[PDB]
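**Q** Please see the structure below; I have some questions.
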Amino acid sequence: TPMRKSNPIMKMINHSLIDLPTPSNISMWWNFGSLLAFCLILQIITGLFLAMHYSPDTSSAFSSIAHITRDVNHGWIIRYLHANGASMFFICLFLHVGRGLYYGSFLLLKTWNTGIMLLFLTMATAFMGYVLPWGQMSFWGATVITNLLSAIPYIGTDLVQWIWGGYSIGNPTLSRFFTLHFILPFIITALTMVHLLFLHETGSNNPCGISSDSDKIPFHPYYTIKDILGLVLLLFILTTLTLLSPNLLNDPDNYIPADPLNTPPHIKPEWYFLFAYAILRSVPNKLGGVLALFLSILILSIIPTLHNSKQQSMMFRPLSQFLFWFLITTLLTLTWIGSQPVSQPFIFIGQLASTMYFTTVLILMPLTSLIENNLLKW
Amino acid sequence: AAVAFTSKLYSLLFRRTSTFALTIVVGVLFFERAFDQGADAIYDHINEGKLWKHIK
Amino acid sequence: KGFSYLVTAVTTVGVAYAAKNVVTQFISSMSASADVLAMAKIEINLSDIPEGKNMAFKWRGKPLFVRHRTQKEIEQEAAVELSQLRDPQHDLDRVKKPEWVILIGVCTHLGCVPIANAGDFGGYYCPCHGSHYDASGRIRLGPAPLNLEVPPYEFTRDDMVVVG
Amino acid sequence: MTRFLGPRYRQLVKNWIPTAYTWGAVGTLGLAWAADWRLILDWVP
Amino acid sequence: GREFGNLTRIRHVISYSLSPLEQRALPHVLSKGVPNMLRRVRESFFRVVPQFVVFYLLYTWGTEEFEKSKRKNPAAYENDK
Amino acid sequence: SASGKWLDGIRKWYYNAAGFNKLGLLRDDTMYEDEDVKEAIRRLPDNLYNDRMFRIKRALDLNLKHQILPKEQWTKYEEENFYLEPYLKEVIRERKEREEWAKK
Ligand SMILES: CCCCCCCCCCCCCCCCCC(=O)OC[C@H](COP(=O)([O-])OCC(O)COP(=O)([O-])OC[C@@H](COC(=O)CCCCCCCCCCCCCCCCC)OC(=O)CCCCCCCCCCCCCCCCC)OC(=O)CCCCCCCCCCCCCCCCC
Ligand SMILES: CCCCCCCCCCCCCCCCCC(=O)OC[C@H](COP(=O)([O-])OCC[N+](C)(C)C)OC(=O)CCCCCCCCCCCCCCCCC
Ligand SMILES: CCCCCCCC/C=C/CCCCCCCC(=O)OC[C@H](COP(=O)(O)OCCN)OC(=O)CCCCCCC/C=C/CCCCCCCC
Ligand SMILES: CCCCCCCC/C=C/CCCCCCCC(=O)OC[C@H](COP(=O)(O)OCCN)OC(=O)CCCCCCC/C=C/CCCCCCCC
Ligand code: HEM
Ligand code: HEM
Ligand SMILES: O=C1C(=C2CCC(c3ccc(Cl)cc3)CC2)C(O)=C(O)c2ccccc21
Ligand SMILES: O=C1C(O)=C([C@H]2CC[C@H](c3ccc(Cl)cc3)CC2)C(=O)c2ccccc21
Ligand code: FES
């Protein structure tokens, strides 16, 4: 035998990414998982460096970041890279989800469920990093997200006070944010390995939705060079964002330190969250609002159950495709509404967008699938 | 023949796993309180006169 | 069989006791420490607060509003129909002197600080998710479930009030 | 599903009801004992 | 498990290939690739584009309306005094 | 009555919109292989099995090459063969019978 197959560690590597049988015909939409992994690695490295200069204390956090960006050699670009890498991470994440919704890869149940877990974990992590600078937006974001558990009817307020460690947001809460933000990424790493373990038991779905076991090619050299090309492209975009236009996504209100006595007139979270914010804004009831907020993501878990089609992929299903793109526009609409004041036109538009989101996932797609079946005479 | 204590104990309580578990939770509820009280009594008694509870 | 199973039972009971104690003390590590729990009172001098002015003071880590209401506000807050409220309450259930009102400046929805003299009702407006309050601190529009909270106080001088 | 409507399934569920409510008792009392839940524990002599 | 020795059962299929060093990497772009991209755009245009057009109309409308709402109404002062 | 011609009209429209005919594929080729479908595929005679396998490989190759067949070679709506339906119906009957035994 070759050494490639002489040994358990080596043979696992070989079954993973040398002699793995991959479909010949998968497209660019399948590159975004490797880019996700790359992004995780980038974040961990840049974070370990930042960590050695940051101060988890409310009387010096802000100024520690000032110190990083002004006195540490090239510290400014390390900061820039961390912040922009998070944004890239979520871009890839959203595109990665959407692929699977379009091409019917949710029928790999274990992979799909571990994906949902990973989405949740990544969001938690990103939010707990966003409050560390202790600027004016960070503070009130913390406040809202930790008051969320007050909606639990019997035990909520006590949960809030047990997470605060006191009567209010304060120094004891910031160290908790920092410990959790430190530890979560590694749990994410382990669960990613489990995710891929589950994947390699079946292999990759493909655009046509039919079995590809007659035309499998090896992962090396084809997809090795293909993914390397994808990585080169991602690095070009990331560099241009870091050096040529660093302030594109930046928010001025987080360059004012925290003031516990004043909330600013215009409130806006980080962009990858706006849509949830809009959903949360759309229900005139506290408990109902929070419930909707969490269901908006948890609803992905029952898509496999509502599947009626005989065919797996939307490639050959046009009515389906039309609905898919309408759903994507509803999400764009929620993102846009999240940016606007809480005033009447936007209130009404947001409520319609929310009802149409759930409607579409839960009702319209199942019924169009049945119509489609009937048109093909089965 | 001889209805003996451990046999009744097996047949009523321990034969079925759910009931075994229930027996265990019920026993711990009462053991905890009895055991605490005994220990606190002994402790208090070893060093009477030196604890601020009574000096108060 | 009975005897052998009795031994296991007893062992399990002891293990449960030990586990409960360990886990609970670990959990009580994360509750408020013995240097965070101070509770002081606060004294406010009222002759520095003009008519129509809302002042905010820091108290027990959170804002405390003191509002010096004008006559038309005292009049129009009384007109309100209590049947059209989600947390019904009359103004005189909420003040000790009509021209002063004292509140805890925290929004009952998710904790943001209402801005004063804003919204549809002349009271306060919360930017975070859009709840409106009236000059009695009553919730009038938006997702919040309750009225703004009133602390215990008392007047020690016609120009001094103590909140505790 | 629609498959699990029929005689055998009714009989089979009846077979397991008692074990079910016994495990329910176990879980309830354990939760209460673990969280020193006074709402239930104040009634224990 | 899944391994190139026993994936499936096939009979009577013939394949032919050249080596990479025998052939060109970008053989015919403007005579074949461009028209192909054009038809590939044609086949999907009406399944994707109109939804986004509708989004654009909604966005512009809502912006205009919000901005009108902030301008003072003359009848609010002229009507009664 | 006319309603037949009308329904068949919309059905032909939907078939051309789907476009698996552009790749040289039959409808029964495009099913997802659940348990019953795999058992129906097991039951096929050799000629049908081999024809299916080659057709599918050919579609995959075309998809790899972002290309389609010449229009002259597209599958036409009026002369298609539902070769797998009969076997699938039998498989499903058998499973239904077993279920119905299981509830007594
Ligand atoms: C100061 C800052 C400077 C920044 C500089 C940035 C420079 C970036 C350079 C990037 C170069 C990339 C080169 C990649 C080579 C890869 C080769 C390869 O294998 O590709 C395969 C890959 C496709 O993969 P695949 O295997 O075919 O699978 C895909 C599908 O499954 C296939 O499915 P299908 O076949 O069905 O699909 C067919 C059709 C489907 O067609 C449709 O769906 C229909 C579309 C119709 C559109 C009609 C026009 C628009 C709508 C009008 C409608 C009417 C409106 C009416 C309004 C009325 C109002 C009243 O889709 C296509 O053919 C798409 C082709 C074009 C892709 C474009 C990619 C854009 C990338 C943008 C990056 C932006 C970020 C840059 C960084 C910025 C930093 C600040 O891509 C290609 O084949 C195309 C390669 C060439 C792409 C060039 C892109 C250049 C972008 C330049 C942007 C510059 C401006 C930046 C602005 C920034 C603002 C902040
Ligand atoms: C979320 C927080 C709150 C959770 C509270 C939990 C409530 C429920 C607690 C139940 C405890 C007793 C369960 C016994 C189950 C025995 C099953 C079994 O197989 O037994 C036979 C087995 C094997 O026995 P055997 O093999 O000799 O014979 C058994 C054969 N039969 C059944 C026929 C007799 O015995 C064991 O080895 C069981 C060991 C169990 C060890 C449990 C330790 C205690 C852990 C829970 C308590 C601590 C909670 C701390 C909460 C703190 C909150 C702040
Ligand atoms: C002092 C300044 C620095 C000097 C640095 C000098 C080294 C420069 C870099 C050299 C890289 C290595 C090139 C040669 C590798 C040879 C590997 C080899 O012979 O093993 C191949 C063969 C392949 O396996 P099979 O497939 O089973 O083969 C069957 C064939 N039918 O064996 C293997 O499995 C691979 C074994 C790899 C061994 C690698 C050894 C590396 C040694 C590095 C030393 C570096 C020293 C640095 C010193 C710095 C100053 C203190
Ligand atoms: C910094 C700000 C970032 C803002 C947010 C960025 C992410 C959102 C971006 C939205 C726009 C994405 C446009 C992508 C290009 C679309 C091109 C297109 O329409 O091509 C159609 C073409 C048709 O091909 P086939 O049907 O396979 O057949 C061809 C072979 N004969 O390709 C497709 O349809 C492939 C579609 C794959 C999925 C695309 C998903 C895009 C959006 C995903 C993210 C959306 C938000 C999250 C959704 C899920 C939420 C639970
Ligand atoms: C840190 C987050 C994640 C990482 C690092 C990750 C990584 C990967 C990688 C490397 C692949 C290989 C195939 C590919 O790239 O398409 C993959 C496939 C897949 N991922 Fe994840 N993923 C993440 C999150 C998610 C999420 C959020 C979902 C779904 C909600 C998901 C569902 C899937 C599915 C279904 C596949 C296989 C689909 C197919 O092969 O057709 N993953 N993932
Ligand atoms: C999925 C992985 C990660 C994500 C998504 C993430 C996200 C973020 C975000 C969004 C910020 C705030 C950016 C800003 O304020 O401009 C941040 C800050 C920070 N993160 Fe990360 N992070 C990750 C991994 C890590 C790791 C592993 C560490 C290890 C210590 C770390 C340490 C820090 C530190 C110290 C800060 C504060 C410094 C600063 O604000 O510039 N991060 N993180
Ligand atoms: O990119 C991968 C992939 C993997 C390649 C190696 C990556 C990776 C990431 C980080 C390190 Cl340090 C090493 C390898 C992880 C993703 C993997 O397992 C698949 O199964 C797959 C299938 C289709 C298309 C792409 C892929
Ligand atoms: O009012 C808010 C608010 O409502 C949120 C929200 C946004 C959505 C978040 C969210 C929670 C859970 C999930 Cl799964 C996704 C997003 C929770 C915090 C903020 O992020 C925020 C930031 C800064 C100032 C004010 C605010
Ligand atoms: S925090 Fe005030 S409306 Fe939500």
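Numbering starts fresh at 1 for the residues of each chain in the structure tokens, the chains themselves are lettered A, B, ... in the order given, and ligands are numbered from 1 as they appear.
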With only C-alpha atoms as the counted atoms, please give the residues lying no more than 10 Å from range 129-142 of chain C, apart from itself and same-chain residues fewer than 6 positions off, as a PyMOL selection string.

**A** (chain A and resi 267+277-278+280-286+341-343+347) or (chain C and resi 67+69+73-74+76-78+84-95+101-105+107-110+112+114-123+148-150)

**Q** Grab me every residue within 8 Å of ligand 4, counting only C-alpha atoms and all ligand atoms, and send it over as a PyMOL selection string.

**A** (chain A and resi 29+87+91-92+94-103+207-208+249+271-272+297+300+314-316+321+328+331-332) or (chain E and resi 40+44-45+47-49) or (chain F and resi 63+66)

**Q** Residues within 8 Å of ligand 1 should be enumerated using only C-alpha atoms and all ligand atoms and returned as a compact mmCIF listing (two decimals) with N, CA and C atoms, in the first residue's frame.

**A**
```
# COMPACT_ATOMS: atom_id res chain seq x y z
N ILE A 26 -20.86 20.07 -9.67
CA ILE A 26 -21.22 21.13 -8.73
C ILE A 26 -20.54 22.44 -9.10
N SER A 27 -21.23 23.54 -8.78
CA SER A 27 -20.94 24.89 -9.24
C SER A 27 -20.30 25.74 -8.13
N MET A 28 -20.20 27.05 -8.39
CA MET A 28 -19.56 27.97 -7.46
C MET A 28 -20.27 28.02 -6.11
N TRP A 29 -21.57 27.71 -6.08
CA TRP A 29 -22.31 27.80 -4.83
C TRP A 29 -21.79 26.85 -3.76
N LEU A 233 -9.90 34.95 -4.47
CA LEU A 233 -10.90 35.98 -4.70
C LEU A 233 -11.36 36.63 -3.39
N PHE A 236 -8.78 39.06 -2.19
CA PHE A 236 -8.81 40.33 -2.91
C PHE A 236 -9.91 41.24 -2.35
N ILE A 237 -11.12 40.70 -2.20
CA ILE A 237 -12.23 41.52 -1.69
C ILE A 237 -11.92 42.02 -0.28
N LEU A 238 -11.43 41.13 0.58
CA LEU A 238 -11.16 41.50 1.96
C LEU A 238 -10.10 42.60 2.04
N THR A 240 -9.34 44.87 -0.29
CA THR A 240 -9.90 46.14 -0.76
C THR A 240 -10.81 46.74 0.30
N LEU A 241 -11.55 45.91 1.02
CA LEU A 241 -12.39 46.44 2.07
C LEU A 241 -11.57 46.97 3.24
N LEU A 244 -8.80 50.11 1.19
CA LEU A 244 -9.24 51.12 0.25
C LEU A 244 -10.51 51.84 0.69
N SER A 245 -11.32 51.20 1.52
CA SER A 245 -12.60 51.75 1.93
C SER A 245 -12.98 51.17 3.28
N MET E 37 -23.35 32.27 -22.64
CA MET E 37 -23.72 33.12 -21.51
C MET E 37 -24.99 33.90 -21.81
N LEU E 38 -25.14 34.37 -23.05
CA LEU E 38 -26.32 35.15 -23.39
C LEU E 38 -27.59 34.33 -23.26
N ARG E 40 -27.93 31.67 -21.45
CA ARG E 40 -28.03 31.35 -20.04
C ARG E 40 -28.66 32.48 -19.24
N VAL E 41 -28.44 33.73 -19.66
CA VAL E 41 -29.13 34.86 -19.05
C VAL E 41 -30.58 34.89 -19.50
N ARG E 42 -30.83 34.60 -20.78
CA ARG E 42 -32.19 34.61 -21.30
C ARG E 42 -33.09 33.63 -20.57
N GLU E 43 -32.58 32.43 -20.27
CA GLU E 43 -33.40 31.36 -19.72
C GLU E 43 -33.86 31.62 -18.29
N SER E 44 -33.28 32.60 -17.60
CA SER E 44 -33.60 32.86 -16.20
C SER E 44 -34.11 34.27 -15.93
N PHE E 45 -34.14 35.13 -16.95
CA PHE E 45 -34.39 36.55 -16.72
C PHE E 45 -35.72 36.77 -16.01
N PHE E 46 -36.81 36.22 -16.56
CA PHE E 46 -38.15 36.50 -16.06
C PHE E 46 -38.51 35.70 -14.82
N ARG E 47 -37.64 34.81 -14.35
CA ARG E 47 -37.88 34.11 -13.10
C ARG E 47 -37.27 34.82 -11.90
N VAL E 48 -36.39 35.80 -12.11
CA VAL E 48 -35.66 36.45 -11.03
C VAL E 48 -35.93 37.95 -10.96
N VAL E 49 -35.93 38.63 -12.10
CA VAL E 49 -35.82 40.09 -12.16
C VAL E 49 -37.07 40.82 -11.67
N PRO E 50 -38.28 40.44 -12.09
CA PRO E 50 -39.45 41.25 -11.73
C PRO E 50 -39.67 41.41 -10.23
N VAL E 53 -37.54 44.24 -9.21
CA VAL E 53 -38.12 45.50 -9.67
C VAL E 53 -39.22 45.95 -8.71
N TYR E 56 -37.84 47.47 -5.69
CA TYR E 56 -37.31 48.81 -5.92
C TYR E 56 -38.43 49.84 -5.89
N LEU E 57 -39.56 49.52 -6.52
CA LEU E 57 -40.71 50.42 -6.48
C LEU E 57 -41.19 50.64 -5.05
N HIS F 66 -21.80 23.19 -19.02
CA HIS F 66 -22.74 24.29 -19.19
C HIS F 66 -23.34 24.35 -20.59
```

**Q** Return as a PyMOL selection string the residues belonging to chain A that are within 12 Å of chain F, counting only C-alpha atoms.

**A** chain A and resi 23-28+104-105+107+205-217+308-321+371-378

**Q** Using only C-alpha atoms and all ligand atoms, what are the residues with an atom within 6 Å of ligand 2, set out as a PyMOL selection string?

**A** (chain B and resi 14-17+21+24-25) or (chain C and resi 5+8+12+15-16+19-20+23-24) or (chain D and resi 27+30-31+34-35)

**Q** Keeping only C-alpha atoms, write the selected residues to a file as a short mmCIF file (atom, residue, chain, number, x, y, z; two decimals), in the first residue's frame.

**A**
```cif
data_model
loop_
_atom_site.label_atom_id
_atom_site.label_comp_id
_atom_site.auth_asym_id
_atom_site.auth_seq_id
_atom_site.Cartn_x
_atom_site.Cartn_y
_atom_site.Cartn_z
CA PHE B 14 -37.34 -2.40 43.62
CA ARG B 15 -38.78 -4.74 40.98
CA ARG B 16 -39.69 -1.93 38.56
CA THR B 17 -37.10 0.64 37.56
CA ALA B 21 -36.05 5.79 40.96
CA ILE B 24 -34.61 7.13 45.63
CA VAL B 25 -35.82 10.71 45.19
CA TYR C 5 -30.65 -3.64 45.44
CA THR C 8 -27.40 0.36 45.43
CA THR C 12 -27.33 6.51 44.96
CA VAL C 15 -24.34 10.52 45.62
CA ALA C 16 -27.40 12.64 44.88
CA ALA C 19 -24.05 16.35 43.72
CA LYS C 20 -26.81 18.76 44.72
CA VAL C 23 -23.68 22.11 41.77
CA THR C 24 -25.67 24.65 43.77
CA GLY D 27 -39.17 14.15 37.32
CA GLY D 30 -36.70 15.72 41.52
CA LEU D 31 -37.03 19.17 39.96
CA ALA D 34 -33.21 20.22 43.26
CA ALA D 35 -34.46 23.82 43.06
#
```

**Q** Which residues are close to residue 118 in chain A, i.e. within 8 Å by only C-alpha atoms, leaving aside same-chain residues fewer than 3 positions away? Reply as a ChimeraX atom specification.

**A** /A:114-115,121-122,188,191-192

**Q** Excluding same-chain residues fewer than 5 positions from residue 30 in chain B, what lies within 10 Å of it counting only C-alpha atoms, as a ChimeraX atom specification?

**A** /B:25,35 /D:44-45

**Q** How would the residues just picked look written out with C-alpha atoms as a PDB file, in the first residue's frame?

**A**
```
ATOM      1  CA  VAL B  25     -35.823  10.707  45.194  1.00  0.00           C
ATOM      2  CA  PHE B  35     -28.585  14.716  58.203  1.00  0.00           C
TER       3      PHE B  35
ATOM      4  CA  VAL D  44     -44.194  18.075  52.669  1.00  0.00           C
ATOM      5  CA  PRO D  45     -44.551  17.431  56.445  1.00  0.00           C
TER       6      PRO D  45
END
```

**Q** Residues within 12 Å of residue 12 in chain E, please, as a list in words. Count only C-alpha atoms; anything in the same chain fewer than 3 positions from it doesn't count.

**A** residues 9 and 15 of chain E; 47, 49, 50, 51, 53 and 54 of chain F

**Q** Produce a file of the selected residues containing N, CA and C atoms, as a PDB file, in the first residue's frame.

**A**
```pdb
ATOM      1  N   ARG E   9     -23.083   0.070 -10.707  1.00  0.00           N
ATOM      2  CA  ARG E   9     -22.940  -0.946 -11.746  1.00  0.00           C
ATOM      3  C   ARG E   9     -23.346  -0.357 -13.092  1.00  0.00           C
ATOM      4  N   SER E  15     -15.360   6.171 -23.057  1.00  0.00           N
ATOM      5  CA  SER E  15     -14.907   7.534 -22.828  1.00  0.00           C
ATOM      6  C   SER E  15     -13.620   7.788 -23.601  1.00  0.00           C
TER       7      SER E  15
ATOM      8  N   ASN F  47     -32.240  -3.891 -20.048  1.00  0.00           N
ATOM      9  CA  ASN F  47     -32.173  -2.892 -21.112  1.00  0.00           C
ATOM     10  C   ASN F  47     -32.590  -1.516 -20.601  1.00  0.00           C
ATOM     11  N   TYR F  49     -32.602  -0.444 -17.482  1.00  0.00           N
ATOM     12  CA  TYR F  49     -31.614   0.007 -16.508  1.00  0.00           C
ATOM     13  C   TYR F  49     -30.416   0.653 -17.197  1.00  0.00           C
ATOM     14  N   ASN F  50     -29.876  -0.015 -18.218  1.00  0.00           N
ATOM     15  CA  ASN F  50     -28.701   0.510 -18.907  1.00  0.00           C
ATOM     16  C   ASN F  50     -29.015   1.804 -19.647  1.00  0.00           C
ATOM     17  N   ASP F  51     -30.167   1.860 -20.320  1.00  0.00           N
ATOM     18  CA  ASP F  51     -30.564   3.094 -20.991  1.00  0.00           C
ATOM     19  C   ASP F  51     -30.647   4.249 -20.001  1.00  0.00           C
ATOM     20  N   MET F  53     -29.127   4.603 -17.073  1.00  0.00           N
ATOM     21  CA  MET F  53     -27.814   4.995 -16.574  1.00  0.00           C
ATOM     22  C   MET F  53     -27.081   5.869 -17.583  1.00  0.00           C
ATOM     23  N   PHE F  54     -27.090   5.473 -18.860  1.00  0.00           N
ATOM     24  CA  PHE F  54     -26.374   6.290 -19.836  1.00  0.00           C
ATOM     25  C   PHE F  54     -27.013   7.663 -19.989  1.00  0.00           C
TER      26      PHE F  54
END
```

**Q** Specify as an MDAnalysis selection string all residues of chain E found within 8 Å of chain F, counting only C-alpha atoms.

**A** chainID E and resid 10:11 13 36

**Q** Go ahead and dump the residues you just picked, C-alpha atoms, as an mmCIF file, in the first residue's frame.

**A**
```cif
data_model
loop_
_atom_site.group_PDB
_atom_site.id
_atom_site.type_symbol
_atom_site.label_atom_id
_atom_site.label_comp_id
_atom_site.auth_asym_id
_atom_site.auth_seq_id
_atom_site.Cartn_x
_atom_site.Cartn_y
_atom_site.Cartn_z
ATOM 1 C CA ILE E 10 -22.531 0.252 -15.354
ATOM 2 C CA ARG E 11 -22.142 -1.507 -18.718
ATOM 3 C CA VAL E 13 -20.027 3.172 -21.862
ATOM 4 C CA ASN E 36 -23.820 30.599 -24.355
#
```

**Q** Residues contacting ligand 8 - anything with an atom at most 7 Å away, using only C-alpha atoms and all ligand atoms - can you give me those as a ChimeraX atom specification?

**A** /A:120,123,137-138,140-141,144-145,267-270,273-274,276-277,280,293-294,297 /C:128-129

**Q** Would you mind exporting the chosen residues as a tab-separated table (two decimals), in the first residue's frame, restricted to C-alpha atoms?

**A**
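The new file selection14.tsv reads:
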```tsv
chain	number	residue	atom	x	y	z
A	120	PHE	CA	-27.11	30.02	16.39
A	123	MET	CA	-24.72	34.69	16.06
A	137	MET	CA	-24.26	51.57	20.77
A	138	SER	CA	-22.54	48.58	22.41
A	140	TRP	CA	-27.61	49.67	24.76
A	141	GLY	CA	-27.27	46.55	22.62
A	144	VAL	CA	-31.68	44.99	25.23
A	145	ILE	CA	-30.25	41.53	24.60
A	267	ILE	CA	-30.82	53.24	17.11
A	268	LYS	CA	-29.39	50.75	14.63
A	269	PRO	CA	-27.60	47.40	15.19
A	270	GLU	CA	-24.95	45.81	13.00
A	273	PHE	CA	-28.92	41.69	12.42
A	274	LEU	CA	-31.27	44.33	11.07
A	276	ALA	CA	-34.43	40.23	13.23
A	277	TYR	CA	-34.65	43.72	14.70
A	280	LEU	CA	-38.91	42.20	16.78
A	293	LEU	CA	-37.84	36.69	16.92
A	294	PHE	CA	-36.65	33.17	17.79
A	297	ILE	CA	-34.67	31.19	12.69
C	128	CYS	CA	-35.46	51.52	20.66
C	129	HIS	CA	-38.77	49.93	19.62
```

**Q** Show me a table, sorted first by chain and then by increasing residue number, of the residues of chain D having an atom at most 8 Å from chain F, each with its shortest atom pair and the distance in Å to one decimal, counting only C-alpha atoms and written as JSON lines.

**A**
```
{"residue": "D:3", "atom": "CA", "partner": "F:99", "partner_atom": "CA", "distance": 7.0}
{"residue": "D:4", "atom": "CA", "partner": "F:103", "partner_atom": "CA", "distance": 7.2}
{"residue": "D:5", "atom": "CA", "partner": "F:103", "partner_atom": "CA", "distance": 7.4}
{"residue": "D:6", "atom": "CA", "partner": "F:103", "partner_atom": "CA", "distance": 5.3}
{"residue": "D:7", "atom": "CA", "partner": "F:104", "partner_atom": "CA", "distance": 5.9}
{"residue": "D:8", "atom": "CA", "partner": "F:103", "partner_atom": "CA", "distance": 5.4}
{"residue": "D:9", "atom": "CA", "partner": "F:103", "partner_atom": "CA", "distance": 6.9}
```
